[PDB]
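*Asks:* As input, take data_20.cif (mmCIF, C-alpha atoms):
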data_data
#
loop_
_atom_site.label_atom_id
_atom_site.label_comp_id
_atom_site.auth_asym_id
_atom_site.auth_seq_id
_atom_site.Cartn_x
_atom_site.Cartn_y
_atom_site.Cartn_z
CA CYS R 1 0.00 0.00 0.00
CA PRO R 2 1.35 3.44 -0.91
CA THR R 3 2.38 5.62 2.09
CA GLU R 4 -0.05 8.31 1.00
CA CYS R 5 -3.03 5.91 0.84
CA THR R 6 -5.06 3.31 2.66
CA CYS R 7 -5.74 -0.09 1.04
CA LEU R 8 -8.54 -2.37 2.20
CA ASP R 9 -10.40 -5.03 0.28
CA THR R 10 -9.09 -3.96 -3.21
CA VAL R 11 -10.22 -0.40 -2.44
CA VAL R 12 -7.45 2.19 -2.52
CA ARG R 13 -8.02 5.64 -0.99
CA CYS R 14 -5.63 8.56 -1.43
CA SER R 15 -8.21 11.35 -0.92
CA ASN R 16 -7.30 14.89 0.28
CA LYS R 17 -3.54 14.26 0.48
CA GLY R 18 -2.24 17.20 -1.57
CA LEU R 19 -1.19 14.95 -4.45
CA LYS R 20 -0.29 15.99 -8.00
CA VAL R 21 1.45 12.71 -8.91
CA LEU R 22 0.03 9.17 -8.69
CA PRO R 23 1.43 7.29 -5.66
CA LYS R 24 3.88 4.50 -6.57
CA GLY R 25 3.12 0.88 -5.76
CA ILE R 26 -0.68 0.80 -5.97
CA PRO R 27 -1.90 -2.83 -5.72
CA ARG R 28 -2.28 -4.51 -9.13
CA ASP R 29 -5.71 -5.85 -8.10
CA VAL R 30 -7.24 -2.45 -7.20
CA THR R 31 -10.93 -2.26 -8.14
CA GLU R 32 -11.84 1.17 -6.71
CA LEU R 33 -9.38 4.08 -6.80
CA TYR R 34 -10.24 7.29 -4.92
CA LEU R 35 -8.13 10.32 -5.89
CA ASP R 36 -10.64 13.03 -4.88
CA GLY R 37 -9.59 16.36 -3.34
CA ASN R 38 -6.03 16.51 -4.62
CA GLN R 39 -4.21 18.82 -7.09
CA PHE R 40 -3.95 16.74 -10.29
CA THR R 41 -3.97 18.82 -13.51
CA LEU R 42 -3.98 15.73 -15.77
CA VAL R 43 -5.32 12.14 -15.65
CA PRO R 44 -2.28 9.91 -14.95
CA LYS R 45 -1.28 7.79 -17.97
CA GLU R 46 -0.87 4.78 -15.66
CA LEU R 47 -4.55 4.39 -14.67
CA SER R 48 -4.88 2.36 -17.91
CA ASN R 49 -2.44 -0.21 -16.42
CA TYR R 50 -4.77 -1.34 -13.63
CA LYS R 51 -6.75 -4.00 -15.41
CA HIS R 52 -9.27 -4.67 -12.60
CA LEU R 53 -10.22 -1.07 -11.95
CA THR R 54 -14.02 -0.47 -12.14
CA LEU R 55 -14.31 2.93 -10.36
CA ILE R 56 -12.11 6.05 -10.64
CA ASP R 57 -12.86 9.11 -8.47
CA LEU R 58 -10.90 12.17 -9.56
CA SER R 59 -13.48 14.71 -8.24
CA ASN R 60 -12.28 18.03 -6.76
CA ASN R 61 -8.96 18.22 -8.58
CA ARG R 62 -7.53 20.78 -11.07
CA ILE R 63 -7.80 18.74 -14.26
CA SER R 64 -7.94 21.06 -17.29
CA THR R 65 -7.49 18.64 -20.19
CA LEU R 66 -8.26 15.07 -21.23
CA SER R 67 -6.53 13.09 -23.95
CA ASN R 68 -7.81 10.38 -26.24
CA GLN R 69 -5.53 8.01 -24.23
CA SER R 70 -6.82 8.97 -20.75
CA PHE R 71 -9.17 6.05 -20.28
CA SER R 72 -7.75 3.75 -22.93
CA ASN R 73 -7.90 -0.03 -22.50
CA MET R 74 -10.48 0.32 -19.61
CA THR R 75 -13.21 -1.96 -21.05
CA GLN R 76 -14.10 -3.03 -17.45
CA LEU R 77 -14.67 0.53 -16.08
CA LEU R 78 -18.14 1.05 -14.51
CA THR R 79 -17.92 4.43 -12.73
CA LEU R 80 -15.96 7.52 -13.81
CA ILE R 81 -16.24 10.59 -11.58
CA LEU R 82 -14.70 13.86 -12.93
CA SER R 83 -16.82 16.32 -10.86
CA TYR R 84 -15.42 19.72 -9.83
CA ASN R 85 -12.41 20.03 -12.12
CA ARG R 86 -11.39 22.61 -14.77
CA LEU R 87 -12.47 20.79 -17.92
CA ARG R 88 -13.53 22.69 -20.99
CA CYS R 89 -12.52 20.88 -24.23
CA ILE R 90 -13.51 17.18 -24.53
CA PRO R 91 -11.51 15.37 -27.17
CA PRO R 92 -13.86 13.40 -29.52
CA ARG R 93 -12.48 9.91 -28.73
CA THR R 94 -11.84 10.48 -25.00
CA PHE R 95 -14.38 7.81 -23.91
CA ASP R 96 -13.76 5.26 -26.66
CA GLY R 97 -13.78 1.61 -25.64
CA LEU R 98 -15.68 2.21 -22.36
CA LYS R 99 -18.41 -0.30 -23.19
CA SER R 100 -19.08 -1.16 -19.48
CA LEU R 101 -19.40 2.42 -18.19
CA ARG R 102 -22.69 2.97 -16.32
CA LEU R 103 -22.10 6.21 -14.40
CA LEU R 104 -20.26 9.34 -15.64
CA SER R 105 -19.97 12.65 -13.80
CA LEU R 106 -18.75 15.82 -15.56
CA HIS R 107 -20.76 18.08 -13.15
CA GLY R 108 -18.97 21.30 -12.03
CA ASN R 109 -16.51 22.09 -14.80
CA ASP R 110 -16.21 24.78 -17.52
CA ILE R 111 -17.66 22.79 -20.39
CA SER R 112 -19.57 24.54 -23.25
CA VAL R 113 -19.31 21.91 -25.97
CA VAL R 114 -19.49 18.08 -25.89
CA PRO R 115 -18.63 16.85 -29.39
CA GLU R 116 -21.02 14.58 -31.21
CA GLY R 117 -19.84 11.00 -31.12
CA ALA R 118 -18.18 11.40 -27.70
CA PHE R 119 -20.59 8.79 -26.28
CA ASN R 120 -20.47 6.53 -29.35
CA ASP R 121 -18.98 3.61 -27.40
CA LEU R 122 -20.94 4.32 -24.22
CA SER R 123 -23.73 1.81 -24.82
CA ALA R 124 -24.20 0.93 -21.10
CA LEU R 125 -24.19 4.54 -19.82
CA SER R 126 -27.37 5.02 -17.69
CA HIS R 127 -26.54 8.10 -15.50
CA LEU R 128 -24.83 11.31 -16.71
CA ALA R 129 -24.19 14.29 -14.43
CA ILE R 130 -23.17 17.41 -16.41
CA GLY R 131 -24.64 20.30 -14.39
CA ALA R 132 -22.82 23.37 -13.10
CA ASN R 133 -21.39 23.84 -16.64
CA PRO R 134 -21.86 26.79 -19.09
CA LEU R 135 -23.46 24.67 -21.78
CA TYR R 136 -23.65 26.33 -25.20
CA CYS R 137 -26.88 25.02 -26.69
CA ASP R 138 -26.50 25.26 -30.46
CA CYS R 139 -26.90 22.54 -33.14
CA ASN R 140 -23.63 20.93 -31.89
CA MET R 141 -25.35 19.96 -28.62
CA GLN R 142 -28.55 18.64 -30.28
CA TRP R 143 -27.24 15.03 -30.15
CA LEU R 144 -26.84 15.31 -26.34
CA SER R 145 -30.34 16.70 -25.89
CA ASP R 146 -31.60 13.61 -27.77
CA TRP R 147 -29.29 11.29 -25.79
CA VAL R 148 -30.34 12.41 -22.27
CA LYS R 149 -34.06 12.25 -23.26
CA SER R 150 -34.04 8.42 -23.32
CA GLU R 151 -34.54 6.78 -19.88
CA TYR R 152 -33.89 9.89 -17.75
CA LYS R 153 -30.08 9.79 -18.16
CA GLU R 154 -29.52 13.35 -16.81
CA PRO R 155 -31.37 14.52 -13.69
CA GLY R 156 -32.89 17.91 -14.74
CA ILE R 157 -29.99 19.93 -13.35
CA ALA R 158 -27.85 20.82 -16.41
CA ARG R 159 -28.89 24.10 -18.06
CA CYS R 160 -27.97 26.12 -21.16
CA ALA R 161 -25.81 29.19 -20.49
CA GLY R 162 -26.99 30.41 -23.89
CA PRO R 163 -26.95 31.57 -26.60
CA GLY R 164 -29.82 34.06 -26.43
CA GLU R 165 -33.21 32.46 -25.88
CA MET R 166 -31.68 29.17 -24.71
CA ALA R 167 -30.62 31.00 -21.50
CA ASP R 168 -31.32 28.90 -18.38
CA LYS R 169 -33.27 26.22 -20.20
CA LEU R 170 -32.84 22.63 -19.01
CA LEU R 171 -30.88 20.22 -21.27
CA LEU R 172 -33.34 17.46 -20.30
CA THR R 173 -36.74 18.87 -21.32
CA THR R 174 -36.01 21.57 -23.93
CA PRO R 175 -37.01 20.30 -27.32
CA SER R 176 -34.06 19.11 -29.51
CA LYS R 177 -35.47 21.19 -32.44
CA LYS R 178 -34.51 24.36 -30.44
CA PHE R 179 -30.81 23.43 -30.62
CA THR R 180 -29.88 25.27 -33.85
CA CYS R 181 -26.94 26.91 -35.66
CA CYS S 1 -52.14 31.44 -20.23
CA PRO S 2 -51.11 33.38 -17.10
CA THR S 3 -49.78 36.93 -17.71
CA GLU S 4 -46.64 35.95 -15.75
CA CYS S 5 -45.95 32.95 -18.04
CA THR S 6 -45.47 31.65 -21.57
CA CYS S 7 -47.50 28.64 -22.77
CA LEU S 8 -46.99 26.29 -25.69
CA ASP S 9 -49.18 23.17 -26.17
CA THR S 10 -49.50 22.18 -22.44
CA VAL S 11 -46.00 23.44 -21.41
CA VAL S 12 -46.16 26.45 -19.07
CA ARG S 13 -42.99 28.44 -18.18
CA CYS S 14 -42.94 31.06 -15.38
CA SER S 15 -39.19 31.07 -14.79
CA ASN S 16 -37.29 33.95 -13.18
CA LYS S 17 -40.41 36.10 -12.65
CA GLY S 18 -40.06 37.00 -8.96
CA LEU S 19 -43.12 34.94 -7.95
CA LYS S 20 -44.01 33.84 -4.41
CA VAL S 21 -47.41 32.39 -5.21
CA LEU S 22 -48.69 30.44 -8.18
CA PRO S 23 -49.88 32.57 -11.10
CA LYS S 24 -53.65 32.51 -11.55
CA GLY S 25 -54.97 30.98 -14.78
CA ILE S 26 -52.85 27.87 -15.26
CA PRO S 27 -54.59 25.88 -18.00
CA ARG S 28 -56.34 22.74 -16.74
CA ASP S 29 -54.49 20.57 -19.24
CA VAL S 30 -50.90 21.56 -18.15
CA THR S 31 -48.31 18.76 -18.42
CA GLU S 32 -45.05 20.55 -17.61
CA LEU S 33 -44.83 23.49 -15.20
CA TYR S 34 -41.61 25.52 -14.83
CA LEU S 35 -41.45 27.69 -11.68
CA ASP S 36 -37.66 27.78 -11.45
CA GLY S 37 -35.82 30.92 -10.28
CA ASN S 38 -38.61 32.50 -8.21
CA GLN S 39 -39.18 33.06 -4.44
CA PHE S 40 -41.58 30.24 -3.52
CA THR S 41 -41.34 29.23 0.13
CA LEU S 42 -43.54 26.07 -0.11
CA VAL S 43 -44.80 23.60 -2.72
CA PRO S 44 -48.30 25.06 -3.48
CA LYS S 45 -51.05 22.59 -2.43
CA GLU S 46 -53.20 23.74 -5.33
CA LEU S 47 -50.82 22.07 -7.81
CA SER S 48 -52.80 18.89 -7.15
CA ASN S 49 -55.80 20.31 -9.09
CA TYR S 50 -53.88 19.79 -12.35
CA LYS S 51 -54.43 16.14 -13.11
CA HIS S 52 -52.29 15.97 -16.24
CA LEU S 53 -49.19 17.48 -14.62
CA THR S 54 -46.18 15.08 -14.99
CA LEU S 55 -43.25 17.52 -14.55
CA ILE S 56 -42.78 20.22 -11.92
CA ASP S 57 -39.58 22.30 -11.86
CA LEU S 58 -39.16 24.34 -8.63
CA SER S 59 -35.32 24.70 -8.95
CA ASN S 60 -33.80 27.80 -7.37
CA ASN S 61 -36.57 28.86 -5.01
CA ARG S 62 -36.64 29.39 -1.21
CA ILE S 63 -38.39 26.20 -0.18
CA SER S 64 -37.38 25.45 3.40
CA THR S 65 -39.97 22.82 4.18
CA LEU S 66 -42.08 20.02 2.74
CA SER S 67 -45.22 18.62 4.40
CA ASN S 68 -46.42 14.99 4.49
CA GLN S 69 -49.19 16.66 2.47
CA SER S 70 -47.01 18.35 -0.25
CA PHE S 71 -47.76 15.94 -3.12
CA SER S 72 -51.20 14.59 -2.26
CA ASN S 73 -53.30 13.44 -5.27
CA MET S 74 -50.44 13.84 -7.80
CA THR S 75 -50.16 10.11 -8.76
CA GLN S 76 -49.26 10.71 -12.42
CA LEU S 77 -46.09 12.72 -11.67
CA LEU S 78 -42.96 11.56 -13.57
CA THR S 79 -40.41 14.35 -12.70
CA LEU S 80 -39.99 16.46 -9.57
CA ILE S 81 -37.11 18.93 -9.51
CA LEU S 82 -36.42 20.61 -6.17
CA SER S 83 -32.78 21.51 -6.85
CA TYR S 84 -31.24 24.59 -5.17
CA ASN S 85 -33.79 25.30 -2.42
CA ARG S 86 -33.46 25.47 1.40
CA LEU S 87 -34.60 21.97 2.43
CA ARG S 88 -33.17 20.40 5.65
CA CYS S 89 -35.02 17.08 5.93
CA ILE S 90 -37.63 15.08 4.04
CA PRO S 91 -40.68 14.15 6.14
CA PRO S 92 -41.17 10.39 5.91
CA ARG S 93 -44.46 10.36 3.96
CA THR S 94 -43.83 13.45 1.84
CA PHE S 95 -43.42 11.34 -1.36
CA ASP S 96 -46.22 8.83 -0.69
CA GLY S 97 -48.38 7.99 -3.70
CA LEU S 98 -45.74 8.95 -6.31
CA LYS S 99 -45.65 5.45 -7.81
CA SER S 100 -44.89 6.69 -11.37
CA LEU S 101 -42.01 9.05 -10.38
CA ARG S 102 -38.88 8.45 -12.52
CA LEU S 103 -36.70 11.39 -11.56
CA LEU S 104 -36.35 13.21 -8.22
CA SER S 105 -33.78 15.97 -7.73
CA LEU S 106 -32.97 17.20 -4.22
CA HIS S 107 -29.53 18.40 -5.36
CA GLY S 108 -28.13 21.57 -3.79
CA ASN S 109 -30.12 21.89 -0.54
CA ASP S 110 -29.28 21.67 3.17
CA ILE S 111 -30.47 18.07 3.71
CA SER S 112 -28.72 16.21 6.58
CA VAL S 113 -31.43 13.58 7.31
CA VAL S 114 -33.72 11.53 5.03
CA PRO S 115 -35.85 9.26 7.29
CA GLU S 116 -36.31 5.57 6.59
CA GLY S 117 -39.35 4.97 4.38
CA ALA S 118 -39.19 8.34 2.55
CA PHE S 119 -38.73 6.39 -0.68
CA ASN S 120 -41.23 3.63 0.12
CA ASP S 121 -43.65 4.40 -2.73
CA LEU S 122 -40.96 5.52 -5.24
CA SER S 123 -40.86 2.10 -6.91
CA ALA S 124 -40.42 3.57 -10.44
CA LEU S 125 -37.57 5.95 -9.38
CA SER S 126 -34.60 5.37 -11.71
CA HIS S 127 -32.55 8.58 -11.15
CA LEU S 128 -31.96 10.31 -7.81
CA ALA S 129 -29.96 13.50 -7.42
CA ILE S 130 -29.05 14.27 -3.83
CA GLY S 131 -25.56 15.77 -4.20
CA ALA S 132 -24.47 19.08 -2.66
CA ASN S 133 -26.19 18.17 0.64
CA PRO S 134 -24.50 17.89 4.04
CA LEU S 135 -25.65 14.29 4.50
CA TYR S 136 -25.29 12.94 8.06
CA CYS S 137 -24.31 9.34 7.48
CA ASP S 138 -25.15 7.65 10.81
CA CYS S 139 -27.45 4.60 11.36
CA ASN S 140 -30.51 6.64 10.39
CA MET S 141 -29.06 6.94 6.88
CA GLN S 142 -27.98 3.31 6.44
CA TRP S 143 -31.21 2.53 4.53
CA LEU S 144 -30.32 5.18 1.89
CA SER S 145 -26.88 3.68 1.37
CA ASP S 146 -28.58 0.32 0.82
CA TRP S 147 -31.19 1.91 -1.51
CA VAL S 148 -28.63 3.55 -3.80
CA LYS S 149 -26.58 0.27 -3.73
CA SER S 150 -29.58 -1.90 -4.74
CA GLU S 151 -29.72 -0.65 -8.33
CA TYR S 152 -27.92 1.95 -10.46
CA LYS S 153 -29.76 5.17 -9.41
CA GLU S 154 -27.17 7.86 -8.48
CA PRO S 155 -24.00 8.84 -10.45
CA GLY S 156 -21.47 9.30 -7.58
CA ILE S 157 -21.99 12.93 -6.49
CA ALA S 158 -23.80 12.52 -3.15
CA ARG S 159 -21.39 12.76 -0.20
CA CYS S 160 -21.38 12.50 3.58
CA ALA S 161 -20.50 15.67 5.53
CA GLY S 162 -20.05 13.51 8.64
CA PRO S 163 -20.05 12.21 11.27
CA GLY S 164 -16.30 11.95 11.84
CA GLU S 165 -14.41 9.81 9.33
CA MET S 166 -17.52 9.66 7.12
CA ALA S 167 -16.73 13.24 6.03
CA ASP S 168 -16.24 13.43 2.24
CA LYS S 169 -17.16 9.77 1.71
CA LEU S 170 -19.36 8.83 -1.18
CA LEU S 171 -22.90 7.64 -0.44
CA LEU S 172 -22.75 5.33 -3.51
CA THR S 173 -19.80 3.12 -2.59
CA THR S 174 -19.10 3.62 1.13
CA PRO S 175 -20.09 0.30 2.82
CA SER S 176 -23.43 0.36 4.68
CA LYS S 177 -21.73 -1.27 7.70
CA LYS S 178 -20.03 2.13 8.25
CA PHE S 179 -23.35 3.94 8.68
CA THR S 180 -23.53 3.64 12.47
CA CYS S 181 -24.92 5.13 15.68
#
Represent the structure from my file as structure tokens, please.

*Replies:*
Amino acid sequence: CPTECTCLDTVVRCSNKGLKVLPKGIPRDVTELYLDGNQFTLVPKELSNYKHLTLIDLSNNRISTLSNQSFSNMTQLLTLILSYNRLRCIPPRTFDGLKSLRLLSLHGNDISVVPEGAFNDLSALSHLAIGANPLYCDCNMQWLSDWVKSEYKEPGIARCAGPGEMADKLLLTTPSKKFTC
Amino acid sequence: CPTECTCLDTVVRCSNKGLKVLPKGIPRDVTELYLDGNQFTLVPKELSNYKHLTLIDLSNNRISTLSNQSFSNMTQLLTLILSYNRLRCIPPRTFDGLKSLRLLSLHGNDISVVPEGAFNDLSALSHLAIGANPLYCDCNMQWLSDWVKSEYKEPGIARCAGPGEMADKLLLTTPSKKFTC
């Protein structure tokens, strides 16, 4: 078990420890990894190397960018929590391969645009949190409006920042035809 | 259509209009009612006259209290959004009768206690939002840990404020055995 962490029952906790680098020597069999409340600015490239990992909590960090390699090779991942970071741009293939992912939180970031096709591989995703973001509700967000409107995937919290008449309207219930360019 | 609102084919919006009481003249056939961003202090009991109403949005109001009586007669309701209000605790029968409810948001309140049985009749509930609440995760909250663990319902935002070591711990994955008195 890393010095900075506690390890119990394949669950590894390194929460609120002032970390900006992944602790060395995390158990190979880790299933739940809690890195909330630290000072990471990037997703560590190594998280891909933990082949049993089904939950990642990186909430309340300083993460400003993702790469198309960030969650690569994580076909087993169930829960991905990126709440309360500094995300804005979401690379189009960031979530590729994540065919087991059920829960995704992007709530509390600086996101205006989620590119179409970003959820192409996310066929098991049942619960999206994407509130507390300045969503720009033009035709480029129309696909997401349609996506959340099947089986209550977003909880009526996320709202358009704009433009114009879209101001303060819920992502969930606003008709997809109103998302125009 | 109320003077304080805009209406389109059974959807009635009265958002950000400085209201503290329901506008008079809500059409009898209303299906979605948006009262977000006003100064309501209670859920109006007269909402139960509108028998086709399946979505109520009361986000961003000043609701400090619910009654066991709040949602009497409103059996058809599918969505109830109470985000960003002043709620401290859910009375145990406040959601009785809401057997069709799919989505309930209590996100962004002051809730420390949700009493056992509050979700008894919520057998259709598939998405709960209860993040940004100072949840007090003692034995009186163990049932809620078990409830969110029983099925995929909550995307990993809800957190314990306490007691003690329970501070900052996720409701979703923190073992129910830790919810003690």

*Asks:* Please, which residues of chain R lie no more than 7 Å from chain S when the count uses all atoms listed in the file, and can they be set out as a PyMOL selection string?

*Replies:* chain R and resi 81+103-105+127-129+152+155-156

*Asks:* Show which residues sit within 9 Å of region 20-31 of chain S, as a ChimeraX atom specification. Count all atoms listed in the file, and ignore same-chain residues fewer than 3 positions away.

*Replies:* /S:1-5,7,9-12,14,35,38-42,44,46-47,49-56,61

*Asks:* Could you state the separation of CA of residue 150 (chain S) and CA of residue 119 (chain R) in Å, given to one decimal place?

*Replies:*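 Pair CA of residue 150 (chain S) / CA of residue 119 (chain R) returns 25.7 Å.
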
*Asks:* Name the residues that the PyMOL selection byres ((chain S and resi 143-145) around 8) pulls out of this structure, and write them as a PyMOL selection string.

*Replies:* chain S and resi 114+116+140-142+146-149+171-172+174-176

*Asks:* Please report the interatomic distance between CA of residue 117 (chain S) and CA of residue 88 (chain S) in Å with one decimal.

*Replies:*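 We find that CA of residue 117 (chain S) and CA of residue 88 (chain S) lie 16.7 Å from each other.
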
*Asks:* Using only C-alpha atoms, which residues sit within 12 Å of residue 123 (chain R) once same-chain residues fewer than 5 positions away are excluded, as JSON, numbers by chain?

*Replies:* {"R": [75, 78, 95, 96, 97, 98, 99, 100, 101, 102, 103, 117, 118, 147]}

*Asks:* What does the file look like for those residues with C-alpha atoms, as a compact mmCIF listing (two decimals), in the coordinates of the input?

*Replies:*
# COMPACT_ATOMS: atom_id res chain seq x y z
CA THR R 75 -13.21 -1.96 -21.05
CA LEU R 78 -18.14 1.05 -14.51
CA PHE R 95 -14.38 7.81 -23.91
CA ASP R 96 -13.76 5.26 -26.66
CA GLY R 97 -13.78 1.61 -25.64
CA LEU R 98 -15.68 2.21 -22.36
CA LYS R 99 -18.41 -0.30 -23.19
CA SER R 100 -19.08 -1.16 -19.48
CA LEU R 101 -19.40 2.42 -18.19
CA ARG R 102 -22.69 2.97 -16.32
CA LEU R 103 -22.10 6.21 -14.40
CA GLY R 117 -19.84 11.00 -31.12
CA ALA R 118 -18.18 11.40 -27.70
CA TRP R 147 -29.29 11.29 -25.79

*Asks:* Could you state the separation of CA of residue 158 (chain R) and CA of residue 133 (chain R) in Å, given to one decimal place?

*Replies:*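 Here the two named atoms are 7.1 Å from each other.
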
*Asks:* S:124, S:111, S:63, S:58: which is nearest residue 76 (chain S), counting all atoms listed in the file?

*Replies:*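 Counting all atoms listed in the file, the residue closest to residue 76 (chain S) is S:124.
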
*Asks:* Edge lengths and centre, in Å to one decimal, as JSON: that's what I need for the box along x, y and z that holds all listed atoms of region 103-117 of chain R plus 4 Å on each side.

*Replies:*
{"center_x": -19.2, "center_y": 15.5, "center_z": -21.6, "size_x": 13.9, "size_y": 26.6, "size_z": 27.2}

*Asks:* Which residues are close to region 70-73 of chain S, i.e. within 7 Å by all atoms listed in the file, leaving aside same-chain residues fewer than 6 positions away? Reply as a PyMOL selection string.

*Replies:* chain S and resi 43+45+48+94-95

*Asks:* Could the residues in this selection be saved with C-alpha atoms as a PDB file, in the coordinates of the input?

*Replies:*
ATOM      1  CA  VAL S  43     -44.800  23.600  -2.720  1.00  0.00           C
ATOM      2  CA  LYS S  45     -51.050  22.590  -2.430  1.00  0.00           C
ATOM      3  CA  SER S  48     -52.800  18.890  -7.150  1.00  0.00           C
ATOM      4  CA  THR S  94     -43.830  13.450   1.840  1.00  0.00           C
ATOM      5  CA  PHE S  95     -43.420  11.340  -1.360  1.00  0.00           C
TER       6      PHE S  95
END

*Asks:* Pick from S:90, S:161, S:66, S:8: nearest to residue 131 (chain S), with all atoms listed in the file counted?

*Replies:* S:161

*Asks:* Rank nothing, just name the residue among S:115, S:92, S:134, S:18 nearest to residue 159 (chain S), using all atoms listed in the file.

*Replies:*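 Answer, going by the shortest atom-to-atom distance: S:134.
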